Structure formats: structure tokens, C-alpha cells
$ cat target-v3.cif   # mmCIF, C-alpha atoms and all ligand atoms
data_work
#
loop_
_atom_site.group_PDB
_atom_site.id
_atom_site.type_symbol
_atom_site.label_atom_id
_atom_site.label_comp_id
_atom_site.auth_asym_id
_atom_site.auth_seq_id
_atom_site.Cartn_x
_atom_site.Cartn_y
_atom_site.Cartn_z
ATOM 1 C CA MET A 1 125.538 46.166 73.702
ATOM 2 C CA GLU A 2 124.108 46.828 77.167
ATOM 3 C CA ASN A 3 125.515 43.411 77.956
ATOM 4 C CA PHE A 4 129.095 44.696 77.618
ATOM 5 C CA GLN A 5 131.249 47.134 79.519
ATOM 6 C CA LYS A 6 133.993 48.672 77.377
ATOM 7 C CA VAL A 7 137.294 48.549 79.273
ATOM 8 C CA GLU A 8 139.633 50.229 76.804
ATOM 9 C CA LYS A 9 140.308 50.749 73.120
ATOM 10 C CA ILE A 10 142.704 48.064 71.908
ATOM 11 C CA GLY A 11 143.037 49.215 68.306
ATOM 12 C CA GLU A 12 141.380 50.638 65.190
ATOM 13 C CA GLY A 13 140.407 48.018 62.683
ATOM 14 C CA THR A 14 139.777 48.338 58.970
ATOM 15 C CA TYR A 15 136.058 48.248 59.770
ATOM 16 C CA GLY A 16 135.918 50.011 63.098
ATOM 17 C CA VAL A 17 137.227 50.523 66.564
ATOM 18 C CA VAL A 18 138.030 47.415 68.579
ATOM 19 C CA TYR A 19 137.475 47.457 72.292
ATOM 20 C CA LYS A 20 138.476 45.277 75.173
ATOM 21 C CA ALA A 21 135.170 44.710 77.008
ATOM 22 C CA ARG A 22 133.654 42.746 79.814
ATOM 23 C CA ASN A 23 130.377 40.848 79.588
ATOM 24 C CA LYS A 24 128.303 42.462 82.336
ATOM 25 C CA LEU A 25 126.950 39.011 83.156
ATOM 26 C CA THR A 26 129.610 36.302 82.817
ATOM 27 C CA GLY A 27 132.339 38.848 83.490
ATOM 28 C CA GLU A 28 133.969 37.257 80.415
ATOM 29 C CA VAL A 29 136.631 39.494 78.870
ATOM 30 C CA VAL A 30 136.295 39.842 75.089
ATOM 31 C CA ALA A 31 137.250 42.030 72.122
ATOM 32 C CA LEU A 32 134.291 43.948 70.738
ATOM 33 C CA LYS A 33 134.366 45.168 67.164
ATOM 34 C CA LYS A 34 131.924 47.871 66.153
ATOM 35 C CA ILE A 35 131.467 47.539 62.391
ATOM 36 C CA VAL A 44 123.870 46.335 57.090
ATOM 37 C CA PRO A 45 123.428 44.339 53.892
ATOM 38 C CA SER A 46 121.816 40.956 54.496
ATOM 39 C CA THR A 47 124.597 39.345 52.465
ATOM 40 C CA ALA A 48 127.169 40.521 55.011
ATOM 41 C CA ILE A 49 125.079 39.071 57.864
ATOM 42 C CA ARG A 50 124.894 35.595 56.366
ATOM 43 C CA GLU A 51 128.582 35.489 55.466
ATOM 44 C CA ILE A 52 129.679 36.760 58.882
ATOM 45 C CA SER A 53 127.274 34.466 60.683
ATOM 46 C CA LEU A 54 128.852 31.438 58.987
ATOM 47 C CA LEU A 55 132.201 32.526 60.434
ATOM 48 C CA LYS A 56 130.908 31.553 63.868
ATOM 49 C CA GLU A 57 131.362 27.937 62.815
ATOM 50 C CA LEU A 58 134.865 28.295 61.309
ATOM 51 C CA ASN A 59 136.626 27.310 64.559
ATOM 52 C CA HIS A 60 140.346 26.480 65.000
ATOM 53 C CA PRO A 61 142.995 26.954 67.723
ATOM 54 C CA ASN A 62 144.905 29.360 65.458
ATOM 55 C CA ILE A 63 141.858 31.384 64.443
ATOM 56 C CA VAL A 64 140.600 34.116 66.824
ATOM 57 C CA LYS A 65 137.220 32.806 67.919
ATOM 58 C CA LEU A 66 134.141 34.701 66.878
ATOM 59 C CA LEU A 67 131.866 34.374 69.919
ATOM 60 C CA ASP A 68 128.780 36.230 68.829
ATOM 61 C CA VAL A 69 127.315 38.565 66.281
ATOM 62 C CA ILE A 70 125.115 41.437 67.427
ATOM 63 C CA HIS A 71 123.066 43.400 64.919
ATOM 64 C CA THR A 72 121.109 46.224 66.519
ATOM 65 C CA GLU A 73 119.614 49.558 65.471
ATOM 66 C CA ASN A 74 121.187 48.747 62.132
ATOM 67 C CA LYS A 75 124.571 48.453 63.842
ATOM 68 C CA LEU A 76 126.863 45.412 63.793
ATOM 69 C CA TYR A 77 129.026 44.228 66.671
ATOM 70 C CA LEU A 78 131.338 41.254 66.568
ATOM 71 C CA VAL A 79 132.308 39.658 69.863
ATOM 72 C CA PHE A 80 135.663 37.880 69.670
ATOM 73 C CA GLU A 81 137.945 36.053 72.042
ATOM 74 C CA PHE A 82 140.472 38.472 73.615
ATOM 75 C CA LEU A 83 144.264 38.073 73.165
ATOM 76 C CA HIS A 84 146.860 40.204 75.005
ATOM 77 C CA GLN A 85 149.121 41.431 72.152
ATOM 78 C CA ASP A 86 149.383 41.648 68.386
ATOM 79 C CA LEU A 87 152.360 40.632 66.251
ATOM 80 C CA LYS A 88 153.049 44.175 65.055
ATOM 81 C CA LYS A 89 153.431 45.320 68.668
ATOM 82 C CA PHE A 90 155.506 42.218 69.527
ATOM 83 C CA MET A 91 157.874 42.788 66.586
ATOM 84 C CA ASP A 92 158.366 46.433 67.527
ATOM 85 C CA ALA A 93 159.143 45.346 71.075
ATOM 86 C CA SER A 94 161.690 42.756 69.840
ATOM 87 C CA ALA A 95 163.420 45.104 67.386
ATOM 88 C CA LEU A 96 166.691 45.232 69.369
ATOM 89 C CA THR A 97 167.320 41.495 69.369
ATOM 90 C CA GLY A 98 164.650 40.210 66.980
ATOM 91 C CA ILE A 99 162.340 37.230 67.552
ATOM 92 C CA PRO A 100 164.352 34.010 68.062
ATOM 93 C CA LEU A 101 164.171 31.718 65.025
ATOM 94 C CA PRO A 102 162.538 28.850 66.961
ATOM 95 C CA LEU A 103 159.656 31.178 67.915
ATOM 96 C CA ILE A 104 159.400 32.571 64.360
ATOM 97 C CA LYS A 105 159.295 28.998 63.136
ATOM 98 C CA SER A 106 156.588 28.073 65.653
ATOM 99 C CA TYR A 107 154.480 31.086 64.765
ATOM 100 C CA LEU A 108 154.755 30.325 61.023
ATOM 101 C CA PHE A 109 153.863 26.694 61.553
ATOM 102 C CA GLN A 110 150.746 27.599 63.601
ATOM 103 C CA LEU A 111 149.665 30.261 61.104
ATOM 104 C CA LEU A 112 149.976 27.782 58.318
ATOM 105 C CA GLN A 113 147.797 25.364 60.278
ATOM 106 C CA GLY A 114 145.186 28.108 60.674
ATOM 107 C CA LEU A 115 145.376 28.900 56.927
ATOM 108 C CA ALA A 116 145.212 25.213 55.982
ATOM 109 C CA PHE A 117 142.018 24.987 58.048
ATOM 110 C CA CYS A 118 140.321 28.038 56.576
ATOM 111 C CA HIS A 119 141.376 27.223 53.044
ATOM 112 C CA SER A 120 139.967 23.688 53.418
ATOM 113 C CA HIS A 121 136.635 25.413 54.121
ATOM 114 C CA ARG A 122 137.168 27.638 51.104
ATOM 115 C CA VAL A 123 137.428 30.711 53.325
ATOM 116 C CA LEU A 124 140.141 33.228 52.547
ATOM 117 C CA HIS A 125 141.483 35.928 54.798
ATOM 118 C CA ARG A 126 142.567 38.333 52.021
ATOM 119 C CA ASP A 127 144.134 40.905 54.315
ATOM 120 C CA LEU A 128 146.740 39.186 56.473
ATOM 121 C CA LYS A 129 149.124 41.578 58.205
ATOM 122 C CA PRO A 130 151.035 41.680 61.498
ATOM 123 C CA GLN A 131 148.276 43.715 63.105
ATOM 124 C CA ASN A 132 145.795 40.881 62.649
ATOM 125 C CA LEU A 133 148.073 38.245 64.103
ATOM 126 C CA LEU A 134 147.477 37.957 67.846
ATOM 127 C CA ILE A 135 149.511 36.118 70.415
ATOM 128 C CA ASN A 136 149.115 34.946 73.987
ATOM 129 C CA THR A 137 151.504 34.043 76.800
ATOM 130 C CA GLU A 138 151.286 30.330 76.003
ATOM 131 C CA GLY A 139 153.257 30.633 72.728
ATOM 132 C CA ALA A 140 150.112 30.517 70.548
ATOM 133 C CA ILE A 141 149.434 32.855 67.641
ATOM 134 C CA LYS A 142 146.043 33.287 65.944
ATOM 135 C CA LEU A 143 144.609 34.890 62.799
ATOM 136 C CA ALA A 144 142.157 37.734 63.369
ATOM 137 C CA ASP A 145 139.514 39.037 60.901
ATOM 138 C CA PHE A 146 139.326 35.853 58.876
ATOM 139 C CA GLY A 147 136.464 36.176 56.358
ATOM 140 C CA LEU A 148 135.651 39.831 57.123
ATOM 141 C CA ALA A 149 137.081 40.970 53.777
ATOM 142 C CA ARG A 150 134.664 38.902 51.749
ATOM 143 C CA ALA A 151 131.827 39.846 54.118
ATOM 144 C CA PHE A 152 132.400 43.641 54.044
ATOM 145 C CA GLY A 153 135.058 44.089 51.327
ATOM 146 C CA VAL A 154 138.552 45.600 51.699
ATOM 147 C CA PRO A 155 138.609 49.417 51.524
ATOM 148 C CA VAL A 156 141.411 51.787 50.522
ATOM 149 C CA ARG A 157 141.052 53.579 53.861
ATOM 150 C CA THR A 158 139.766 52.525 57.274
ATOM 151 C CA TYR A 159 136.704 53.990 58.999
ATOM 152 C CA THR A 160 139.171 56.453 60.549
ATOM 153 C CA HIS A 161 140.510 57.112 57.058
ATOM 154 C CA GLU A 162 143.828 55.490 57.876
ATOM 155 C CA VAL A 163 145.442 53.935 54.802
ATOM 156 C CA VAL A 164 144.928 50.212 54.378
ATOM 157 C CA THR A 165 148.402 48.702 54.068
ATOM 158 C CA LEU A 166 149.386 47.235 50.706
ATOM 159 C CA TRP A 167 152.614 45.700 51.960
ATOM 160 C CA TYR A 168 151.247 42.199 52.144
ATOM 161 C CA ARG A 169 149.098 42.205 49.029
ATOM 162 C CA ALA A 170 149.745 39.418 46.500
ATOM 163 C CA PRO A 171 150.753 40.462 42.965
ATOM 164 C CA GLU A 172 147.677 38.967 41.352
ATOM 165 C CA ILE A 173 145.471 41.295 43.369
ATOM 166 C CA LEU A 174 147.623 44.293 42.383
ATOM 167 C CA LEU A 175 147.447 43.170 38.754
ATOM 168 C CA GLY A 176 143.628 43.189 38.800
ATOM 169 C CA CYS A 177 142.771 39.501 39.160
ATOM 170 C CA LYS A 178 139.117 39.452 40.152
ATOM 171 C CA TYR A 179 138.969 35.875 41.364
ATOM 172 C CA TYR A 180 142.129 35.464 43.380
ATOM 173 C CA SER A 181 142.614 32.305 45.413
ATOM 174 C CA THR A 182 143.705 31.011 48.789
ATOM 175 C CA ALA A 183 147.220 31.616 47.409
ATOM 176 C CA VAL A 184 146.866 35.290 48.260
ATOM 177 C CA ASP A 185 147.033 34.413 51.973
ATOM 178 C CA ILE A 186 150.210 32.340 51.467
ATOM 179 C CA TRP A 187 151.822 35.347 49.802
ATOM 180 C CA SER A 188 150.904 37.610 52.731
ATOM 181 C CA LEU A 189 152.205 35.132 55.248
ATOM 182 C CA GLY A 190 155.463 34.799 53.316
ATOM 183 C CA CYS A 191 155.901 38.575 53.500
ATOM 184 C CA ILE A 192 155.245 38.377 57.229
ATOM 185 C CA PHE A 193 157.719 35.510 57.693
ATOM 186 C CA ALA A 194 160.429 37.583 55.962
ATOM 187 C CA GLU A 195 159.569 40.594 58.163
ATOM 188 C CA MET A 196 159.886 38.565 61.375
ATOM 189 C CA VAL A 197 163.276 37.295 60.239
ATOM 190 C CA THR A 198 164.862 40.596 59.080
ATOM 191 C CA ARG A 199 162.983 42.996 61.319
ATOM 192 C CA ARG A 200 162.018 45.036 58.328
ATOM 193 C CA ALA A 201 158.980 44.993 56.051
ATOM 194 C CA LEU A 202 159.817 43.051 52.891
ATOM 195 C CA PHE A 203 157.845 45.219 50.386
ATOM 196 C CA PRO A 204 156.713 48.424 52.117
ATOM 197 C CA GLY A 205 154.894 49.941 49.127
ATOM 198 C CA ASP A 206 153.129 53.256 49.510
ATOM 199 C CA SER A 207 150.937 53.041 46.451
ATOM 200 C CA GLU A 208 149.682 50.212 44.230
ATOM 201 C CA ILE A 209 152.406 50.875 41.670
ATOM 202 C CA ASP A 210 155.123 51.294 44.279
ATOM 203 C CA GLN A 211 154.028 48.019 45.895
ATOM 204 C CA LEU A 212 154.153 46.251 42.523
ATOM 205 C CA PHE A 213 157.543 47.693 41.604
ATOM 206 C CA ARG A 214 158.979 46.845 45.035
ATOM 207 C CA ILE A 215 157.968 43.230 44.406
ATOM 208 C CA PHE A 216 159.409 43.315 40.857
ATOM 209 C CA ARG A 217 162.739 44.812 42.025
ATOM 210 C CA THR A 218 163.261 41.918 44.394
ATOM 211 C CA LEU A 219 161.665 38.989 42.636
ATOM 212 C CA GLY A 220 162.186 40.183 39.062
ATOM 213 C CA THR A 221 159.556 41.661 36.755
ATOM 214 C CA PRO A 222 157.210 38.758 36.068
ATOM 215 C CA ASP A 223 156.847 37.492 32.520
ATOM 216 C CA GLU A 224 155.174 34.670 30.630
ATOM 217 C CA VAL A 225 158.075 32.418 31.497
ATOM 218 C CA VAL A 226 157.644 32.505 35.253
ATOM 219 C CA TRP A 227 153.931 33.304 35.212
ATOM 220 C CA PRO A 228 151.933 32.116 32.175
ATOM 221 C CA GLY A 229 149.049 34.486 31.581
ATOM 222 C CA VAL A 230 150.511 37.405 33.474
ATOM 223 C CA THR A 231 150.792 39.777 30.515
ATOM 224 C CA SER A 232 147.067 39.352 29.957
ATOM 225 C CA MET A 233 145.975 40.412 33.440
ATOM 226 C CA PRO A 234 143.867 43.549 33.683
ATOM 227 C CA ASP A 235 146.446 45.920 35.157
ATOM 228 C CA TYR A 236 149.541 44.474 33.558
ATOM 229 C CA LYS A 237 151.406 46.981 31.339
ATOM 230 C CA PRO A 238 154.048 46.019 28.762
ATOM 231 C CA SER A 239 155.774 49.238 29.803
ATOM 232 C CA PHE A 240 156.597 47.898 33.313
ATOM 233 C CA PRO A 241 160.392 48.130 33.805
ATOM 234 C CA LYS A 242 162.146 44.778 33.482
ATOM 235 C CA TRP A 243 164.136 44.129 36.673
ATOM 236 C CA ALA A 244 166.222 41.047 37.351
ATOM 237 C CA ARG A 245 165.489 38.735 40.261
ATOM 238 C CA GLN A 246 167.660 39.024 43.420
ATOM 239 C CA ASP A 247 168.917 35.990 45.396
ATOM 240 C CA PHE A 248 166.903 35.168 48.485
ATOM 241 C CA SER A 249 170.271 34.958 50.187
ATOM 242 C CA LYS A 250 170.341 38.746 50.046
ATOM 243 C CA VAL A 251 166.685 39.093 50.895
ATOM 244 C CA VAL A 252 166.342 37.230 54.199
ATOM 245 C CA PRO A 253 169.767 36.838 55.756
ATOM 246 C CA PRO A 254 170.422 35.007 57.788
ATOM 247 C CA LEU A 255 167.612 32.583 57.254
ATOM 248 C CA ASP A 256 168.905 29.048 56.628
ATOM 249 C CA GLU A 257 168.455 27.249 53.270
ATOM 250 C CA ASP A 258 165.293 25.388 54.379
ATOM 251 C CA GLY A 259 163.696 28.693 55.426
ATOM 252 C CA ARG A 260 164.752 30.422 52.216
ATOM 253 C CA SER A 261 163.478 27.472 50.224
ATOM 254 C CA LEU A 262 160.080 27.694 51.856
ATOM 255 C CA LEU A 263 159.905 31.460 51.595
ATOM 256 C CA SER A 264 160.806 31.312 47.894
ATOM 257 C CA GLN A 265 157.890 28.946 47.322
ATOM 258 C CA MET A 266 155.383 31.052 49.315
ATOM 259 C CA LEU A 267 156.385 34.003 47.091
ATOM 260 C CA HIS A 268 156.166 32.255 43.707
ATOM 261 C CA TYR A 269 154.513 34.652 41.247
ATOM 262 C CA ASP A 270 152.148 32.180 39.676
ATOM 263 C CA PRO A 271 149.434 31.618 42.292
ATOM 264 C CA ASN A 272 148.902 28.153 40.845
ATOM 265 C CA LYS A 273 152.563 27.265 41.565
ATOM 266 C CA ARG A 274 152.646 28.998 44.952
ATOM 267 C CA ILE A 275 152.898 26.453 47.798
ATOM 268 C CA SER A 276 149.654 25.640 49.624
ATOM 269 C CA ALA A 277 149.420 25.886 53.434
ATOM 270 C CA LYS A 278 149.064 22.133 53.632
ATOM 271 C CA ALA A 279 152.151 21.478 51.524
ATOM 272 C CA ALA A 280 154.051 24.151 53.449
ATOM 273 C CA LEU A 281 153.310 22.309 56.734
ATOM 274 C CA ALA A 282 155.287 19.358 55.303
ATOM 275 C CA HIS A 283 158.281 21.450 54.275
ATOM 276 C CA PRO A 284 161.654 20.312 55.740
ATOM 277 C CA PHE A 285 161.898 23.727 57.439
ATOM 278 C CA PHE A 286 159.464 22.371 60.026
ATOM 279 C CA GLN A 287 161.405 19.153 60.720
ATOM 280 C CA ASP A 288 162.623 20.575 64.076
ATOM 281 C CA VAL A 289 159.672 22.823 64.919
ATOM 282 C CA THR A 290 159.031 23.390 68.664
ATOM 283 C CA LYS A 291 156.715 25.640 70.630
ATOM 284 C CA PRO A 292 158.694 28.132 72.658
ATOM 285 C CA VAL A 293 157.146 30.610 75.047
ATOM 286 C CA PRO A 294 157.552 34.248 74.177
ATOM 287 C CA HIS A 295 158.374 36.762 76.788
ATOM 288 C CA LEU A 296 155.361 38.977 77.118
ATOM 289 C CA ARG A 297 155.060 42.080 79.245
ATOM 290 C CA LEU A 298 151.340 42.704 79.686
HETATM 291 O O1 LIG B 1 140.346 40.107 66.701
HETATM 292 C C1 LIG B 1 139.886 40.700 67.916
HETATM 293 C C2 LIG B 1 140.976 40.911 68.906
HETATM 294 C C3 LIG B 1 141.252 40.163 70.067
HETATM 295 N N1 LIG B 1 142.273 40.652 70.777
HETATM 296 N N2 LIG B 1 142.709 41.729 70.044
HETATM 297 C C4 LIG B 1 143.802 42.579 70.349
HETATM 298 N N3 LIG B 1 144.498 42.303 71.506
HETATM 299 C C5 LIG B 1 145.824 42.719 71.886
HETATM 300 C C6 LIG B 1 145.799 43.937 72.749
HETATM 301 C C7 LIG B 1 146.133 45.204 72.270
HETATM 302 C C8 LIG B 1 146.084 46.304 73.111
HETATM 303 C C9 LIG B 1 145.737 46.096 74.444
HETATM 304 N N4 LIG B 1 145.422 44.883 74.952
HETATM 305 C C10 LIG B 1 145.448 43.837 74.089
HETATM 306 C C11 LIG B 1 144.074 43.588 69.498
HETATM 307 C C12 LIG B 1 143.218 43.712 68.289
HETATM 308 C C13 LIG B 1 143.583 44.818 67.346
HETATM 309 C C14 LIG B 1 142.584 45.357 66.531
HETATM 310 C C15 LIG B 1 142.895 46.387 65.627
HETATM 311 C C16 LIG B 1 144.205 46.871 65.535
HETATM 312 C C17 LIG B 1 145.211 46.335 66.351
HETATM 313 C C18 LIG B 1 144.900 45.306 67.256
HETATM 314 N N5 LIG B 1 142.206 42.919 68.003
HETATM 315 C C19 LIG B 1 141.951 41.907 68.903
#

$ encode --input "target-v3.cif" --output "C-alpha cells" --more "lines below"
Ligand SMILES: OCc1cnn2c(NCc3cccnc3)cc(-c3ccccc3)nc12
Amino acid sequence: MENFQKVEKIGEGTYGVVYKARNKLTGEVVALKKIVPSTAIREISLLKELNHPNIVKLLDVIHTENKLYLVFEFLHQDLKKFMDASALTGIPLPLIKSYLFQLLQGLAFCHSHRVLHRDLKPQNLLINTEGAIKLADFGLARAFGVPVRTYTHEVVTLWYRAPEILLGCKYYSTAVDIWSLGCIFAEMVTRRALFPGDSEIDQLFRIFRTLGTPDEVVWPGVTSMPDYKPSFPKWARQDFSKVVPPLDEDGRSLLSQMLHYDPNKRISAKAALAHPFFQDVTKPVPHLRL
């Protein structure tokens, strides 16, 4: 740590406080995360090699005095902040499309290496002035696990959690990240969280009320899942036309696929990249006020 000078606190992560810091030597500006089981060390260490333009680079891992610091590339804003700042007019569709496309590329990369994020949310999506957006905390969930509360005791959001996780599936797949990103895509479009659940049951029921209570028809095997209850209310599915106005048909088509109940049927990142929605994708520059 003596190698870094903390400049300011840039946020509180699930695992610890994140600081903007300067390397006392190179002068390099980085994000320092203060998070140990040997299993966590190996897993995290492997993350140093999982490199992609849309994945926040893990520069170094520092384990000292039984403390763990992760040195990451620094980005100037997060998507949650950016969305709040664009509330009045919303993020232009071409930029939303570009962000989705890049995030899917980042997911496609990680998933091809059999690495899941597991906790995608606007706060871990970071953007720069060049129109890039990157995934932060990839792999940390498997390395340290996802808690119900953060180190500061703040509640870990459930809004983006896939239904299979809520239903007790122990071995969920890369499909859970596609679900989360679909929820995020909807939120960028409407300027409102799609399923802002405040408990595991509220999150589940919010999903059911919009997409319909899942059954064996749409999701073979669902009634068997650990936390499934035959007593769940049976709600009918709403039209995506009401859910994400005024997203065009291509966007709604893609969203609908990213939110398929059956994780096996849910579109993969790679297939999503080929969706017609991205036929006219461009890379606009956002207006950032740093
Ligand atoms: O992945 C490392 C990371 C790299 N940049 N970064 C940023 N940067 C944007 C920013 C924000 C505030 C001031 N200057 C810059 C925020 C968070 C974060 C962490 C936890 C919660 C929210 C944001 N994590 C990171």
C-alpha cells in the first residue's frame, strides 16, 4: 500500500471501499479496492489474465498483513451516476445501443472463459469520455461470494438477480448475466428500474407480475426448483410494448429473449451480438462533466 496515495473515495463496493489513488512511483492513477482464504487468492489472481476492452482491467493484487487490495484501471463515472444525470432527457437510443453492444462483447468474452459476473448492476458499469463502457467486479462474486449486505451493511441490490438464483438454483449459468444486462437495458430505456424488488419474494413477484408466473410450459423443471412454491400467485404475462416504451420492435425482441425464464432458452451474449437490433449500431460520445 505504501506505493499508493489515496486521492478520494469513489464509492463503497460490496466488498469494501474503493478509492481513487495515485501510484507514488509511476504517478499512475488507479482505483484501489480494499477487500484471506487461499481459494480466493487463486481465483482472483486468475482474473489478472481475463483481459478485454470492455472489462475494467485488474492491474495488480496486493495481499499484505492478511489484507487484500485490488488495483484496477480508473474510469471517470459509473452508469448509475450517468443515468441519474440523464434523467431529464434520458440517454439517447444510439448511445444505449452502443453501451449494450459493448457490454455484450465483454460478457461474450468472459463467458467464453467460463467466468461469470453474477452481480451486474449499473454501479459496476463504468464509462469514459471516449464512449466506452466496461464491466467492473467480474469474477469477484465467485472469488469472495455475494453477501446480503455490504461491508458497510448496505443492502445488496436484488433488482438485477435472475429468477433461477431467486428460486434456489445452486449451479446457475452464464445466463444469469444476460438476465441482469436485460434488466439494465430496460432501465436505460425507460429511466426506471425494471424490477425494483426490496426482498427476495418481492423481487420474484415483481418479475412474475410482468413476465407472468413461470410454469412448466414456459420453463420445464421450474416447479421442482428448491424455492419454488405451488402457492405462488399465478399472474398473466404483460406485453413488452407496455414494459419498455418506446423501444422499437428489434429492441423489444432482443430484450424479450434476454429475459426468457428458462436459462437454457435465454439468448447468449454471442447470439445477442448478432441480433438485428445491432444492425445500425454506432459508437456515440456521451457528454460527460468530470
Ligand atoms: O472497478 C474499479 C473502478 C474504477 N473506476 N471506478 C469508479 N469510477 C468512477 C468515479 C466515481 C466517483 C469519482 N470519480 C470517478 C467508480 C467505482 C465504484 C465503486 C463502488 C461503487 C460505485 C462506483 N469503481 C471504479

$ residues_near_ligand --input "target-v3.cif" --ligand "ligand LIG 1 (chain B)" --cutoff "10 Å" --atoms "all atoms listed in the file" --output "ChimeraX atom specification"
/A:7-20,29-33,63-66,78-90,130-136,142-146,298

$ resolve_selection --input "target-v3.cif" --expression "the PyMOL selection byres (((chain A and resi 250) around 12) and not hetatm)" --output "ChimeraX atom specification"
/A:194,198,202,218-219,245-249,251-256,260

$ closest_residue --input "target-v3.cif" --among "A:211, A:158, A:231, A:94" --to "residue 297 of chain A" --atoms "only C-alpha atoms"
A:94

$ atom_distance --input "target-v3.cif" --atom1 "atom CA of residue 166 of chain A" --atom2 "atom CA of residue 50 of chain A"
27.7 Å

$ resolve_selection --input "target-v3.cif" --expression "the PyMOL selection byres (((chain A and resi 223) around 12) and not hetatm)" --output "PyMOL selection string"
chain A and resi 216+219-222+224-233+236-238+240-245+269-270

$ closest_residue --input "target-v3.cif" --among "A:214, A:127, A:161, A:189" --to "residue 173 of chain A" --atoms "only C-alpha atoms"
A:127

$ resolve_selection --input "target-v3.cif" --expression "the PyMOL selection byres (((chain A and resi 123) around 10) and not hetatm)" --output "list in words"
residues 55, 58, 115, 116, 117, 118, 119, 120, 121, 122, 124, 125, 126, 146, 147, 150, 181 and 182 of chain A

$ closest_residue --input "target-v3.cif" --among "A:47, A:265, A:3, A:272" --to "residue 172 of chain A" --atoms "only C-alpha atoms"
A:272

$ residues_around --input "target-v3.cif" --residues "residue 267 of chain A" --least-positions-apart "2" --cutoff "8 Å" --atoms "all atoms listed in the file" --output "VMD selection string"
chain A and resid 186 to 187 190 to 191 263 to 265 269 274

$ closest_residue --input "target-v3.cif" --among "A:195, A:2, A:235, A:208" --to "residue 104 of chain A" --atoms "all atoms listed in the file"
A:195

$ atom_distance --input "target-v3.cif" --atom1 "atom CA of residue 21 of chain A" --atom2 "atom CA of residue 155 of chain A"
26.1 Å

$ atom_distance --input "target-v3.cif" --atom1 "atom CA of residue 98 of chain A" --atom2 "atom CA of residue 275 of chain A"
26.4 Å

$ residues_around --input "target-v3.cif" --residues "residue 72 of chain A" --least-positions-apart "3" --cutoff "12 Å" --atoms "all atoms listed in the file" --output "VMD selection string"
chain A and resid 1 to 2 34 to 35 44 49 69 75 to 78

$ residues_around --input "target-v3.cif" --residues "residue 103 of chain A" --least-positions-apart "2" --cutoff "10 Å" --atoms "all atoms listed in the file" --output "NGL selection string"
:A and (99-101 or 105-109 or 139-140 or 196 or 289-294)

$ closest_residue --input "target-v3.cif" --among "A:176, A:197, A:54, A:206" --to "residue 164 of chain A" --atoms "only C-alpha atoms"
A:206

$ axis_aligned_box --input "target-v3.cif" --around "segment 278-285 of chain A" --padding-each-side "6 Å" --output "AutoDock Vina command-line options"
--center_x 155.5 --center_y 21.8 --center_z 54.5 --size_x 24.8 --size_y 16.8 --size_z 17.9

$ build_atoms --input "target-v3.cif" --residues "segment 220-234 of chain A" --atoms "N, CA and C atoms" --output "PDB file, keeping the file's coordinate frame"
ATOM      1  N   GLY A 220     162.067  40.090  40.513  1.00  0.00           N
ATOM      2  CA  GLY A 220     162.186  40.183  39.062  1.00  0.00           C
ATOM      3  C   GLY A 220     160.821  40.549  38.483  1.00  0.00           C
ATOM      4  N   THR A 221     160.820  41.334  37.418  1.00  0.00           N
ATOM      5  CA  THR A 221     159.556  41.661  36.755  1.00  0.00           C
ATOM      6  C   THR A 221     159.002  40.349  36.172  1.00  0.00           C
ATOM      7  N   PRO A 222     157.767  40.004  36.522  1.00  0.00           N
ATOM      8  CA  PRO A 222     157.210  38.758  36.068  1.00  0.00           C
ATOM      9  C   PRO A 222     156.966  38.761  34.565  1.00  0.00           C
ATOM     10  N   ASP A 223     157.112  37.596  33.946  1.00  0.00           N
ATOM     11  CA  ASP A 223     156.847  37.492  32.520  1.00  0.00           C
ATOM     12  C   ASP A 223     156.157  36.181  32.248  1.00  0.00           C
ATOM     13  N   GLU A 224     155.881  35.893  30.976  1.00  0.00           N
ATOM     14  CA  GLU A 224     155.174  34.670  30.630  1.00  0.00           C
ATOM     15  C   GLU A 224     155.928  33.430  31.001  1.00  0.00           C
ATOM     16  N   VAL A 225     157.235  33.569  31.142  1.00  0.00           N
ATOM     17  CA  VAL A 225     158.075  32.418  31.497  1.00  0.00           C
ATOM     18  C   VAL A 225     157.769  31.961  32.911  1.00  0.00           C
ATOM     19  N   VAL A 226     157.879  32.872  33.862  1.00  0.00           N
ATOM     20  CA  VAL A 226     157.644  32.505  35.253  1.00  0.00           C
ATOM     21  C   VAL A 226     156.182  32.483  35.640  1.00  0.00           C
ATOM     22  N   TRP A 227     155.353  33.197  34.890  1.00  0.00           N
ATOM     23  CA  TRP A 227     153.931  33.304  35.212  1.00  0.00           C
ATOM     24  C   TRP A 227     153.059  33.347  33.933  1.00  0.00           C
ATOM     25  N   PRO A 228     152.757  32.183  33.383  1.00  0.00           N
ATOM     26  CA  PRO A 228     151.933  32.116  32.175  1.00  0.00           C
ATOM     27  C   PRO A 228     150.623  32.838  32.383  1.00  0.00           C
ATOM     28  N   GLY A 229     150.300  33.736  31.466  1.00  0.00           N
ATOM     29  CA  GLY A 229     149.049  34.486  31.581  1.00  0.00           C
ATOM     30  C   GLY A 229     149.206  35.859  32.206  1.00  0.00           C
ATOM     31  N   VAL A 230     150.351  36.133  32.796  1.00  0.00           N
ATOM     32  CA  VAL A 230     150.511  37.405  33.474  1.00  0.00           C
ATOM     33  C   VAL A 230     150.325  38.639  32.606  1.00  0.00           C
ATOM     34  N   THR A 231     150.869  38.606  31.391  1.00  0.00           N
ATOM     35  CA  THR A 231     150.792  39.777  30.515  1.00  0.00           C
ATOM     36  C   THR A 231     149.362  40.086  30.091  1.00  0.00           C
ATOM     37  N   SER A 232     148.455  39.152  30.330  1.00  0.00           N
ATOM     38  CA  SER A 232     147.067  39.352  29.957  1.00  0.00           C
ATOM     39  C   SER A 232     146.261  40.029  31.049  1.00  0.00           C
ATOM     40  N   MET A 233     146.688  39.853  32.301  1.00  0.00           N
ATOM     41  CA  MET A 233     145.975  40.412  33.440  1.00  0.00           C
ATOM     42  C   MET A 233     145.585  41.855  33.263  1.00  0.00           C
ATOM     43  N   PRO A 234     144.454  42.213  33.849  1.00  0.00           N
ATOM     44  CA  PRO A 234     143.867  43.549  33.683  1.00  0.00           C
ATOM     45  C   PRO A 234     144.771  44.759  33.833  1.00  0.00           C
TER      46      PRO A 234
END
